[PDB]
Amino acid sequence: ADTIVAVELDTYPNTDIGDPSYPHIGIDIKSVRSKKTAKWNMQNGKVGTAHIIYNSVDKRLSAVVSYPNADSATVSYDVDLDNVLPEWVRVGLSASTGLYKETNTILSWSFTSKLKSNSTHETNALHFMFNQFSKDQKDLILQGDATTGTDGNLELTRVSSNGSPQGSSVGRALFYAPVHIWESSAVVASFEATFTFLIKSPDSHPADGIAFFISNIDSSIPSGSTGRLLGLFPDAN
């Protein structure tokens, strides 16, 4: 199976598999059952921003999700990613719907990673910024239902001609280049990701969520990972 580290913006409470009983953001370390969560006042139809940060000094993965003029939600978990992920990874965005649905629209996405070597104190870095997605976005790998180009946005899951989101959908976008996320011979390692999103649903409850994730380079959507599995894991273990 793939190795997955993710920050989930989980719009639907699946209490049967350990979700808390409210929309929430979570830190996922090789399991969809978040190691840490925080309650998230998700706002149906509004544009929100997610900010995710990690550095190898504190060894702490944190995320903040917010909407304009509202209190933000924050969640943090102590984790040495050297012991979790492979040295080289891809980074990506994932989303899904199930029996309930929502749009999982990405308006923008940026990422920066840096590695300062122990032997020279010089840095390696990667940065990308997408404020517009085009129809044939060659620096992204799209998987499953994800498409680009509609209003210059990345639609992670399926939306119809008129704008209605569809159920039982799953899709992901990964940045084309592998990222060197840790190195044993590095004095300081760090990364941050930011993305803006629009989750809209005509349903009685929205579902299922969006995740920023870091995985083995050849990661692909596990079969049967629509709904509560967020396109990230093959099961709820």
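The first residue of the sequence shown is number 1, and the count goes up from there.
In this entry, 151 to 159 shows the higher mean Cα temperature factor of the pair 151 to 159 and 102 to 110. Mean CA B-factor, 178 to 186 versus 42 to 50: the higher value falls on 178 to 186. Sorting 93, 79, 125, 140 by the CA temperature factor given in the entry leaves 79 at the top. By the numbers in the PDB entry, the CA B factor is greatest at 70 among 170, 70, 27, 211. Annotation for residue 10: C-alpha temperature factor in the lowest third relative to the rest of the modelled chain, per the entry.
Sorting the modelled residues of the chain by their CA temperature factor places residue 1 in the highest third.
For residue 146, the recorded CA B-factor ranks within the middle third of the chain. Only modelled residues enter the ranking. Residue 57: CA B factor in the highest third of modelled residues in this chain (values from the PDB entry).
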